[PDB]
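Okay, structure first, notes after.
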Amino acid sequence: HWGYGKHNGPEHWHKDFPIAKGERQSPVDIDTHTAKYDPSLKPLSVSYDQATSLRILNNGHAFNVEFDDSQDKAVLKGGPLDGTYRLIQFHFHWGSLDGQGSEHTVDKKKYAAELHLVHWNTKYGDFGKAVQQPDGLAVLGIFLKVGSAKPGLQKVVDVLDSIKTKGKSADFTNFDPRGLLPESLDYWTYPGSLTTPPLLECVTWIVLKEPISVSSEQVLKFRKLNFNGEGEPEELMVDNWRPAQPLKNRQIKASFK
Ligand SMILES: NS(=O)(=O)[C@@H]1O[C@H](CO)[C@H](O[C@H]2O[C@H](CO)[C@H](O)[C@H](O)[C@H]2O)[C@H](O)[C@H]1O
Ligand SMILES: [Zn+2]
């Protein structure tokens, strides 16, 4: 099936997933000088106080930290969003080197990695139903650059030896995602899609202006992960990011001047 190499990567996806060339695909380049400040965007509201993490999983494309979304525990509201979006999982996209790895770009700048915190609109009852709606998902995108360590990431970095290969997972309870946020909640927002197949155009993207810093030793451990399953030839999990796609008939709004 699909992945990130020469033969199965982002240039091939359209063959099985023709929406890949669609109206509202992600990621995109964020041109800071074309984005329109919108004084009527409400403040963004991140409520991760009661967040219940369960498990970390290597799915052969990335690793997912999954949350209990059986009630309104950790939710995203405000900003450009209507109603409540429940957190289900976060994951990253990262590079083989520090100059690449993020999906969105800022004035063409690629960051070392990009965090995605994935939320579904509760008005739709479950995740499977929400992916089928234009306002079904809200994903909070946060850029990572390399510098000093993010202490709130270290617990994630430590568990990765135990989920090296596709299909492995470990228990991952009592992890707090507020430790992955920057100080500022300033953001750009546009309507878009999942950046992995099935590339469903159901996402309101909220991309934070301010990056988090991670140590070099922290990203190096991401890069020690494996695309392959146990006992297969080693393909390092690196460069699992889709490049930027045409903006087309869309506007990126900024929460800030
Ligand atoms: N990069 S992304 O956030 O657009 C992309 O979207 C999917 C999530 O909506 C995908 O999901 C993984 O976890 C979800 C949520 O439960 C699904 O169940 C799916 O089967 C699983 O792959 C990607 O992980 C993510 O890259
Ligand atoms: Zn993602």
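Going through the structure tokens in order, the chains are called A, B, and so on, while each chain numbers its residues from 1 and the ligands are numbered from 1 in the order shown.
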
Throw together the list of residues within 8 Å of ligand 1, counting only C-alpha atoms and all ligand atoms, and drop it here as a PDB file with N, CA and C atoms, in the first residue's frame.
```pdb
ATOM      1  N   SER A  26      -4.315  19.471   2.003  1.00  0.00           N
ATOM      2  CA  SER A  26      -3.267  19.834   2.950  1.00  0.00           C
ATOM      3  C   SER A  26      -2.028  18.929   2.824  1.00  0.00           C
ATOM      4  N   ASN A  59       2.273   2.696  13.680  1.00  0.00           N
ATOM      5  CA  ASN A  59       1.392   2.213  12.631  1.00  0.00           C
ATOM      6  C   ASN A  59       2.104   2.033  11.277  1.00  0.00           C
ATOM      7  N   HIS A  61       3.587   4.317   9.658  1.00  0.00           N
ATOM      8  CA  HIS A  61       3.646   5.647   8.999  1.00  0.00           C
ATOM      9  C   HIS A  61       4.142   6.707   9.959  1.00  0.00           C
ATOM     10  N   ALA A  62       3.760   6.548  11.231  1.00  0.00           N
ATOM     11  CA  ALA A  62       4.135   7.449  12.311  1.00  0.00           C
ATOM     12  C   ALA A  62       3.848   6.706  13.619  1.00  0.00           C
ATOM     13  N   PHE A  63       3.825   7.397  14.754  1.00  0.00           N
ATOM     14  CA  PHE A  63       3.294   6.792  15.992  1.00  0.00           C
ATOM     15  C   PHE A  63       2.185   7.679  16.531  1.00  0.00           C
ATOM     16  N   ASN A  64       1.137   7.051  17.047  1.00  0.00           N
ATOM     17  CA  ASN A  64      -0.011   7.741  17.568  1.00  0.00           C
ATOM     18  C   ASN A  64      -0.144   7.578  19.076  1.00  0.00           C
ATOM     19  N   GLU A  66      -2.944   7.793  21.607  1.00  0.00           N
ATOM     20  CA  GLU A  66      -4.393   7.766  21.573  1.00  0.00           C
ATOM     21  C   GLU A  66      -4.975   8.136  22.924  1.00  0.00           C
ATOM     22  N   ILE A  88      -8.655  12.951  20.130  1.00  0.00           N
ATOM     23  CA  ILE A  88      -8.581  11.502  19.955  1.00  0.00           C
ATOM     24  C   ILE A  88      -7.124  11.007  19.888  1.00  0.00           C
ATOM     25  N   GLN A  89      -6.192  11.796  19.363  1.00  0.00           N
ATOM     26  CA  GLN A  89      -4.809  11.314  19.189  1.00  0.00           C
ATOM     27  C   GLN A  89      -3.897  12.454  18.791  1.00  0.00           C
ATOM     28  N   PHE A  90      -2.605  12.345  19.100  1.00  0.00           N
ATOM     29  CA  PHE A  90      -1.629  13.197  18.472  1.00  0.00           C
ATOM     30  C   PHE A  90      -0.522  12.331  17.825  1.00  0.00           C
ATOM     31  N   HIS A  91       0.190  12.945  16.886  1.00  0.00           N
ATOM     32  CA  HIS A  91       1.330  12.332  16.257  1.00  0.00           C
ATOM     33  C   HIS A  91       2.190  13.439  15.641  1.00  0.00           C
ATOM     34  N   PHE A  92       3.330  13.009  15.093  1.00  0.00           N
ATOM     35  CA  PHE A  92       4.299  13.878  14.433  1.00  0.00           C
ATOM     36  C   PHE A  92       4.619  13.451  13.009  1.00  0.00           C
ATOM     37  N   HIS A  93       5.215  14.399  12.283  1.00  0.00           N
ATOM     38  CA  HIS A  93       5.835  14.196  10.976  1.00  0.00           C
ATOM     39  C   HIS A  93       7.196  14.858  11.108  1.00  0.00           C
ATOM     40  N   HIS A 116       0.799  17.131  15.236  1.00  0.00           N
ATOM     41  CA  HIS A 116      -0.655  17.239  14.980  1.00  0.00           C
ATOM     42  C   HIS A 116      -1.511  16.664  16.076  1.00  0.00           C
ATOM     43  N   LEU A 117      -2.366  17.506  16.617  1.00  0.00           N
ATOM     44  CA  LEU A 117      -3.278  17.087  17.678  1.00  0.00           C
ATOM     45  C   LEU A 117      -4.637  17.012  17.024  1.00  0.00           C
ATOM     46  N   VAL A 118      -5.240  15.813  16.981  1.00  0.00           N
ATOM     47  CA  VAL A 118      -6.390  15.593  16.114  1.00  0.00           C
ATOM     48  C   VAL A 118      -7.677  15.568  16.945  1.00  0.00           C
ATOM     49  N   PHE A 127     -15.833   9.489  15.405  1.00  0.00           N
ATOM     50  CA  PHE A 127     -14.762   9.901  14.453  1.00  0.00           C
ATOM     51  C   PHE A 127     -15.075   9.507  12.990  1.00  0.00           C
ATOM     52  N   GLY A 128     -15.563   8.270  12.807  1.00  0.00           N
ATOM     53  CA  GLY A 128     -15.829   7.742  11.473  1.00  0.00           C
ATOM     54  C   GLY A 128     -16.830   8.592  10.747  1.00  0.00           C
ATOM     55  N   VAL A 131     -15.254  12.407   9.843  1.00  0.00           N
ATOM     56  CA  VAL A 131     -14.367  12.486   8.645  1.00  0.00           C
ATOM     57  C   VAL A 131     -15.138  12.697   7.321  1.00  0.00           C
ATOM     58  N   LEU A 137     -13.403  17.638  11.469  1.00  0.00           N
ATOM     59  CA  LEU A 137     -12.182  17.587  12.259  1.00  0.00           C
ATOM     60  C   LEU A 137     -11.553  18.959  12.453  1.00  0.00           C
ATOM     61  N   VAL A 139      -7.574  20.105  13.526  1.00  0.00           N
ATOM     62  CA  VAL A 139      -6.250  19.594  13.884  1.00  0.00           C
ATOM     63  C   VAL A 139      -5.420  20.798  14.290  1.00  0.00           C
ATOM     64  N   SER A 193      -7.495  19.244   4.507  1.00  0.00           N
ATOM     65  CA  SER A 193      -7.744  17.777   4.471  1.00  0.00           C
ATOM     66  C   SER A 193      -6.815  17.032   5.432  1.00  0.00           C
ATOM     67  N   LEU A 194      -7.056  15.743   5.658  1.00  0.00           N
ATOM     68  CA  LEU A 194      -6.006  14.853   6.168  1.00  0.00           C
ATOM     69  C   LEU A 194      -4.760  14.906   5.220  1.00  0.00           C
ATOM     70  N   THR A 195      -3.555  14.757   5.776  1.00  0.00           N
ATOM     71  CA  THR A 195      -2.317  14.848   4.979  1.00  0.00           C
ATOM     72  C   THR A 195      -1.790  13.435   4.687  1.00  0.00           C
ATOM     73  N   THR A 196      -2.576  12.439   5.109  1.00  0.00           N
ATOM     74  CA  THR A 196      -2.384  11.035   4.781  1.00  0.00           C
ATOM     75  C   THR A 196      -3.616  10.461   4.086  1.00  0.00           C
ATOM     76  N   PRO A 197      -3.410   9.447   3.210  1.00  0.00           N
ATOM     77  CA  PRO A 197      -4.610   8.780   2.687  1.00  0.00           C
ATOM     78  C   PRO A 197      -5.443   8.325   3.829  1.00  0.00           C
ATOM     79  N   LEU A 199      -6.971  11.054   2.636  1.00  0.00           N
ATOM     80  CA  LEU A 199      -6.907  12.495   2.266  1.00  0.00           C
ATOM     81  C   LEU A 199      -8.234  13.285   2.288  1.00  0.00           C
ATOM     82  N   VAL A 203     -11.061  18.826   7.430  1.00  0.00           N
ATOM     83  CA  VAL A 203     -10.230  19.447   8.491  1.00  0.00           C
ATOM     84  C   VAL A 203     -10.239  20.988   8.485  1.00  0.00           C
TER      85      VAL A 203
END
```

>> I'd like the contact shell of residue 211 of chain A - 9 Å cut-off, only C-alpha atoms, skipping same-chain residues fewer than 3 positions apart - returned as a VMD selection string.
In response: chain A and resid 111 142 to 145 181 to 182 208

Let's have the selection written as a PDB file, in the first residue's frame, with N, CA, C and O atoms.
```pdb
ATOM      1  N   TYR A 111      10.262  23.302   8.881  1.00  0.00           N
ATOM      2  CA  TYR A 111      10.694  23.039  10.239  1.00  0.00           C
ATOM      3  C   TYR A 111      11.145  21.571  10.354  1.00  0.00           C
ATOM      4  O   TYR A 111      10.962  20.751   9.402  1.00  0.00           O
ATOM      5  N   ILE A 142       1.456  22.254  15.366  1.00  0.00           N
ATOM      6  CA  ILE A 142       2.529  22.950  16.093  1.00  0.00           C
ATOM      7  C   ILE A 142       3.896  22.551  15.476  1.00  0.00           C
ATOM      8  O   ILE A 142       4.211  21.356  15.324  1.00  0.00           O
ATOM      9  N   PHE A 143       4.686  23.549  15.099  1.00  0.00           N
ATOM     10  CA  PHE A 143       6.024  23.324  14.510  1.00  0.00           C
ATOM     11  C   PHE A 143       7.069  23.052  15.566  1.00  0.00           C
ATOM     12  O   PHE A 143       6.976  23.575  16.688  1.00  0.00           O
ATOM     13  N   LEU A 144       8.060  22.242  15.198  1.00  0.00           N
ATOM     14  CA  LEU A 144       9.156  21.905  16.057  1.00  0.00           C
ATOM     15  C   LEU A 144      10.418  22.372  15.368  1.00  0.00           C
ATOM     16  O   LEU A 144      10.646  22.077  14.198  1.00  0.00           O
ATOM     17  N   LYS A 145      11.238  23.123  16.088  1.00  0.00           N
ATOM     18  CA  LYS A 145      12.605  23.393  15.666  1.00  0.00           C
ATOM     19  C   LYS A 145      13.554  22.783  16.721  1.00  0.00           C
ATOM     20  O   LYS A 145      13.107  22.431  17.825  1.00  0.00           O
ATOM     21  N   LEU A 181       2.555  22.268  24.246  1.00  0.00           N
ATOM     22  CA  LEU A 181       2.137  23.592  23.762  1.00  0.00           C
ATOM     23  C   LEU A 181       3.245  24.665  23.918  1.00  0.00           C
ATOM     24  O   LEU A 181       4.076  24.597  24.853  1.00  0.00           O
ATOM     25  N   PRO A 182       3.285  25.650  22.995  1.00  0.00           N
ATOM     26  CA  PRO A 182       4.144  26.826  23.219  1.00  0.00           C
ATOM     27  C   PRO A 182       3.397  27.841  24.138  1.00  0.00           C
ATOM     28  O   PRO A 182       2.222  27.608  24.417  1.00  0.00           O
ATOM     29  N   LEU A 208      -0.324  26.897  14.814  1.00  0.00           N
ATOM     30  CA  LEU A 208       0.233  27.912  15.728  1.00  0.00           C
ATOM     31  C   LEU A 208       1.464  28.562  15.116  1.00  0.00           C
ATOM     32  O   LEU A 208       2.353  27.879  14.555  1.00  0.00           O
TER      33      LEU A 208
END
```

>> Could you go through segment 56-151 of chain A and tell me which residues DSSP, when run on the backbone, assigns to alpha helix (DSSP H), listing them as a PyMOL selection string?
In response: chain A and resi 127-130

> Looking at only C-alpha atoms, which of A:28, A:51, A:185, A:20 is the one that sits closest to residue 102 of chain A?
Replying inline: A:28

>> DSSP on the backbone, strand (DSSP E or B) only: what residues of segment 128-168 of chain A does that give? Format it as a ChimeraX atom specification.
In response: /A:137-146,166

> Could you name the residues that touch residue 225 of chain A at 9 Å or less, counting only C-alpha atoms, but leaving out those on the same chain fewer than 6 positions away, as a PyMOL selection string?
Replying inline: chain A and resi 58+62+160-161+163-165+235-238

Store the residues of this selection in a file with C-alpha atoms, as a PDB file, in the first residue's frame.
```pdb
ATOM      1  CA  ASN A  58       3.657   2.433  15.661  1.00  0.00           C
ATOM      2  CA  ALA A  62       4.135   7.449  12.311  1.00  0.00           C
ATOM      3  CA  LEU A 160       9.855   4.694  21.550  1.00  0.00           C
ATOM      4  CA  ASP A 161      12.505   1.826  21.966  1.00  0.00           C
ATOM      5  CA  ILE A 163       7.450   0.440  19.625  1.00  0.00           C
ATOM      6  CA  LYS A 164      10.290   0.301  17.117  1.00  0.00           C
ATOM      7  CA  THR A 165       8.407  -1.635  14.411  1.00  0.00           C
ATOM      8  CA  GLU A 235      13.708   1.163   6.668  1.00  0.00           C
ATOM      9  CA  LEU A 236      14.213   4.100   9.030  1.00  0.00           C
ATOM     10  CA  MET A 237      11.019   6.073   9.830  1.00  0.00           C
ATOM     11  CA  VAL A 238      12.167   9.477   8.474  1.00  0.00           C
TER      12      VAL A 238
END
```

>> I'd like the interatomic distance between atom CA of residue 119 of chain A and atom CA of residue 217 of chain A, to a tenth of an Å.
In response: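 The value is 29.1 Å.
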
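For residue 85 of chain A, the set of protein, DNA and RNA residues having any atom at most 7 Å away, when counting only C-alpha atoms and skipping those fewer than 3 positions along the same chain, is residues 75, 76, 77, 119, 120, 121, 122 and 138 of chain A.
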
Based on the selection just made, write C-alpha atoms of those residues as a PDB file, in the first residue's frame.
```
ATOM      1  CA  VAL A  75     -11.584  19.549  23.995  1.00  0.00           C
ATOM      2  CA  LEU A  76     -10.784  22.304  21.439  1.00  0.00           C
ATOM      3  CA  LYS A  77     -13.174  25.264  21.106  1.00  0.00           C
ATOM      4  CA  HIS A 119      -9.942  16.523  17.267  1.00  0.00           C
ATOM      5  CA  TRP A 120     -13.407  15.476  15.968  1.00  0.00           C
ATOM      6  CA  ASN A 121     -16.624  17.494  16.068  1.00  0.00           C
ATOM      7  CA  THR A 122     -18.910  15.982  18.717  1.00  0.00           C
ATOM      8  CA  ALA A 138      -9.991  20.253  13.829  1.00  0.00           C
TER       9      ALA A 138
END
```

>> Using only C-alpha atoms and all ligand atoms, can you tell me which of A:223, A:104, A:14, A:155 comes closest to ligand 2?
In response: A:104

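Among the candidate residues A:255, A:240, A:148, A:245, the one lying nearest to ligand 2 is A:240, with distances computed using only C-alpha atoms and all ligand atoms.
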
> When you draw a straight line from atom CA of residue 35 of chain A to atom CA of residue 47 of chain A, how long is it in Å?
Replying inline: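 Atom CA of residue 35 of chain A sits 26.7 Å away from atom CA of residue 47 of chain A.
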
> In Å to one decimal, how far is atom CA of residue 152 of chain A from atom CA of residue 180 of chain A?
Replying inline: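 Computing the Euclidean distance for atom CA of residue 180 of chain A and atom CA of residue 152 of chain A yields 5.9 Å.
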
>> So that I can check the surroundings of segment 229-231 of chain A, please list as a PyMOL selection string every protein, DNA and RNA residue that reaches within 8 Å of it, counting only C-alpha atoms and ignoring chain neighbours fewer than 2 positions away.
In response: chain A and resi 60+165-167+226-227+233

> Quick one: of A:44, A:106, A:140, A:87, who's nearest to ligand 2, counting only C-alpha atoms and all ligand atoms?
Replying inline: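 When distances to ligand 2 are compared using only C-alpha atoms and all ligand atoms, the smallest one comes from A:140.
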